[PDB]
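>
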Amino acid sequence: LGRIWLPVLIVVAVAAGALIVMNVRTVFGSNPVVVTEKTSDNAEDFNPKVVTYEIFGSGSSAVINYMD
Amino acid sequence: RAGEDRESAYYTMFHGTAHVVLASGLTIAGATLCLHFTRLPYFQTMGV
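Line order of the protein sequences matches chains C and F.
Per the deposited numbering, the very first residue in the first sequence carries number 2; after that it's consecutive.
Per the deposited numbering, the very first residue in the second sequence carries number 292; after that it's consecutive.
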């Protein structure tokens with residue numbers, strides 16, 4: 002391999018250098034924005050508790066104030 | 292200084308150092324051209 006050893010080793014070295022270049026070149030940057038995760042709850046109406054107000058008396062009418 | 296005349300001295304000089312000067316220049320040129328593969332503009336604009 003007197004006339005084969007040189008070009009093969011040259012190609013091997015060039016491939017190694019290209020691989021190193023490709024790997025490290027992309028590491029820079031790659032983190033421009035930060036996006037926080039979202040964890041919401043299911044907004045549904047199943048078995049809602051029911052509150053009832055009742056006003057009654059011997060009078061005809063009344064004035065009523067209440068808290069919703 | 293060895294004793295050769297000026298013609299033979301010139302040809303000996305060229306034969307003995309022509310390839311070395313070229314190789315040194317190629318190493319210097321190729322090394323600096325590797326700056327073209329960096330990411331910062333300050334380094335990259337020096338390669339070519």
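Even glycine gets a Cβ: it sits at the ideal position worked out from N, Cα and C.
Alpha carbon to alpha carbon, what distance is there between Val-35 (chain C) and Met-68 (chain C)?
Using only the alpha carbons, I get a separation of about 43 Å.
> Quick check: is the beta carbon of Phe-334 (chain F) nearer than 7 Å to any beta carbon in chain C?
Cβ-Cβ to chain C under 7 Å: no for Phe-334 (chain F).
> Check whether the stretch 310 to 319 of chain F and the stretch 328 to 336 of chain F touch, using three or more Cβ-Cβ pairs below 8 Å as the test.
No: the two stretches stay apart, fewer than three of their Cβ pairs being nearer than 8 Å.
> I need the straight-line Cα distance from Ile-11 (chain C) to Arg-4 (chain C), nearest angstrom please.
The straight-line gap from Cα to Cα measures roughly 12 Å.
> By how many angstroms is the C-alpha of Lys-39 (chain C) removed from the C-alpha of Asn-32 (chain C)?
For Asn-32 (chain C) and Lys-39 (chain C), the distance between alpha carbons rounds to 19 Å.
> Does DSSP classify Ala-63 (chain C) as helix, strand or coil?
Of the three classes helix, strand and coil, the one that applies to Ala-63 (chain C) here is coil, per DSSP.
> Give the range of the alpha helix (DSSP H) segment to which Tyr-54 (chain C) is assigned.
Run containing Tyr-54 (chain C): none; DSSP gives neither H nor E here.
> For the stretch 313 to 328 of chain F, which residues have a CB atom closer than 7 Å to at least one CB atom of chain C, in sequence order?
Of all residues in the stretch 313 to 328 of chain F, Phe-328 have a Cβ within less than 7 Å of some Cβ in chain C.
> What residue from F:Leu-313, F:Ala-314, F:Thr-323 and F:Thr-329 has the CA that sits closest to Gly-30 (chain C)'s CA?
Ranking the options by Cα distance to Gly-30 (chain C), first place goes to F:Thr-329.
> Identify the contact partners of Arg-26 (chain C) in chain F, using a Cβ-Cβ distance below 8 Å as the criterion.
The contacting residues are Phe-328 and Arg-330.
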